Amino acid sequence: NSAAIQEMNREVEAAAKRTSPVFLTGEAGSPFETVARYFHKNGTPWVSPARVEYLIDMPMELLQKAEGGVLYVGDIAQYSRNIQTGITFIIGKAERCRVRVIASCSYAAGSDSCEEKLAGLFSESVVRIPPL
Amino acid sequence: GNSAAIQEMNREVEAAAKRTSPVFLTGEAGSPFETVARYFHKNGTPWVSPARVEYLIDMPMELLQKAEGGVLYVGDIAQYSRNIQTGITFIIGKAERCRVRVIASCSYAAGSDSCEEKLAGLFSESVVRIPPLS
C-alpha cells in the first residue's frame, strides 16, 4: 500500500521478467519469505535447504528437487564465506537445471555491508571512476 | 594516478581482477574509461572492440571468436539503443564458454547526476529492497 511499498513492487515486477537470481535486501525482521514467494508459480517446486550445510554438501540434489521452480537459499547475513561460495556454485548451474535462485540479506535496523556479501554473489563487477 | 578517491577505485579494480564475469566501468563523461578497462588486459591476449556499434547485434559470434582468451570491450553504453543493450546481454551469456571477458562502460553528465537502468539491465541478477514495516 505505501509509497515505499509501491517502489518495491516496481522492483519485483522488473525481477518477475527474468530467470537470473533475485536478491532480496531489507532490515532484520523483514518478510523475506513472503516477498520471495511472489516469484513462485503454482505447482512448481519451492525448495529451501532444511540445513545450511546442504548448500555446499548437496548442491546438485537441491537443483534437481527445484527443477522448473525456485531454490530459495535463505538469508545470507550470517553465512560463512564457504556457504557463500557454495551459493555461487549453485547460481552458475541453476539456469541449465531450470531453477531460479533467490537469496535474502538482512541488516540491522537503522540501515546499520550486506553489500560485500551481495557483491560476491553478483555475477559482475562494477568499478567507479572518479572525476579528474 | 594517486589520490584517495583513486585508492578506492583501485580497490574496485583488484576485486574485479579476481574474476571472469563482466566488468562495468562507471564515471562522468570524459573519464579515461579505456585506460581503466585496459587494467584487465593481459599481454599477448586479444583486446577486441567492435569498430561499429551495430557489430554487437550483427556479428556477436565473430567478435567472441576474435576475443578468445582476451577481452571484448563493448564500449560506453550511455547512448546505446535497447536493441544493442540486449545484444550485449546475448554476448555476456556466451562469453564465459568462449573464454572472453566482457567489459562495458557507462558515462553520465558531469556533476553526479540512470546509467543505473542501463547497467541493471545488463546485470546478471535483480535486487528488490524491502522497506521497513510496523
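Calculation criteria
Residues numbered from 1 in each chain as written, not as in the entry; some residues may be left out. Chains lettered and ligands numbered in written order. Heavy atoms only, no water. Disulfide = S-S within 2.5 Å. Buried < 20%, exposed > 50% of the residue type's maximum accessible area, 1.4 Å probe, protein only. Core = buried A, V, L, I, M, F, W, Y, C linked by side-chain atoms within 4.5 Å. Helix = DSSP H or I, 4+ residues; strand = E, 2+ residues; numbered from the N terminus. Contact = heavy atoms within 4.5 Å. Pairing = 2+ DSSP bridges. Axes fitted to C-alpha atoms, helices over the stretch in contact; angles between N-to-C directions. Polar contact = N/O pair within 3.5 Å; in protein donor to acceptor, adjacent residues only side chain to side chain.

Method-wise, the PDB entry is recorded as coming from X-ray crystallography, at a reported resolution of 2.40 Å.

Chemist: Please clarify how the state of the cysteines should be interpreted in this entry.
Modeler: As used in these notes, a disulfide is a covalent bond between sulfur atoms, one from each of two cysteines. Residue and element names in this part refer to chain A. On inspection of all chains with the given rule, the structure shows one disulfide over all chains. Covalently, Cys105 is tied to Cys114 through a disulfide, its sulfur atoms 2.1 Å apart. Judged by the torsion about the S-S bond (-90°), the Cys105/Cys114 disulfide is left-handed. Here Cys105 and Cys114 have matching classes, each one buried.

Chemist: Just checking my understanding: could you explain the nonpolar core for this structure?
Modeler: Considering soluble globular proteins, one finds that nonpolar side chains tend to be buried as a cluster. Counting residues in hydrophobic clusters, the biggest one holds 25 residues, and the most contacted among them are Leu56, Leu72, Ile77 and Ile88 of chain B. Broken down by secondary-structure element, the contributors of at least two residues to this core are α4 (60–66), β3 (71–76), α5 (82–95), β4 (101–108) and α6 (116–122) of chain B. Ranked by residue count, the leading element in this core is α5 of chain B, at five residues. With near-sequence residues (within four places) excluded, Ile77 of chain B lies in contact with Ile88, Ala104, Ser105, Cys106, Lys118, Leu119 and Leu122 of chain B. If you look at the next biggest cluster of nonpolar residues, it comprises 23 residues, including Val47, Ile83, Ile91 and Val101 of chain A.

Chemist: Help me understand the sheet that holds strand β2 (residues 46–47) of chain A, please; the structure alone is not making it clear to me.
Modeler: The strands making up a sheet associate through backbone hydrogen bonding, with each pair oriented either parallel or antiparallel. Reading across from one edge, β2(A)-β3(A)-β4(A)-β1(A)-β5(B) is the order of the five strands in this open sheet, with parallel pairing throughout. Since the sheet does not close on itself, it has two edges, and those belong to β2 of chain A together with β5 (126–130) of chain B, each with one partner. Where β2 of chain A meets strand β3 (residues 70–75) of chain A, two bridges bridge the pair, whose relative direction is parallel. Note that in β3 of chain A the partner of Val47 of chain A across the bridge is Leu71 of chain A. The strands touched by helix α1 (residues 3–16) of chain A within the sheet are β1 (22–27) and β4 (100–107) of chain A together with β5 of chain B, with β5 of chain B carrying the most contacts at an inclination of about 155°. The strands touched by helix α5 (residues 81–97) of chain A are β1, β3 and β4 of chain A; relative to β4 of chain A, the strand with the most contacts, the crossing angle is about 150°.

Chemist: Please clarify how the side chain of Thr25 of chain A should be interpreted in this entry.
Modeler: Here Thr25 of chain A lies in strand β1. Relative accessible area serves as the criterion here: at 11%, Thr25 of chain A is assigned to the buried category. A polar contact of 3.2 Å, which involves the side chain of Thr25 of chain A, links it to the backbone oxygen of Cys105 of chain A. In contact with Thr25 of chain A, not counting residues within four places along its chain, are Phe32, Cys105, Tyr107, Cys114 and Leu118 of chain A together with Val128, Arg129 and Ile130 of chain B.

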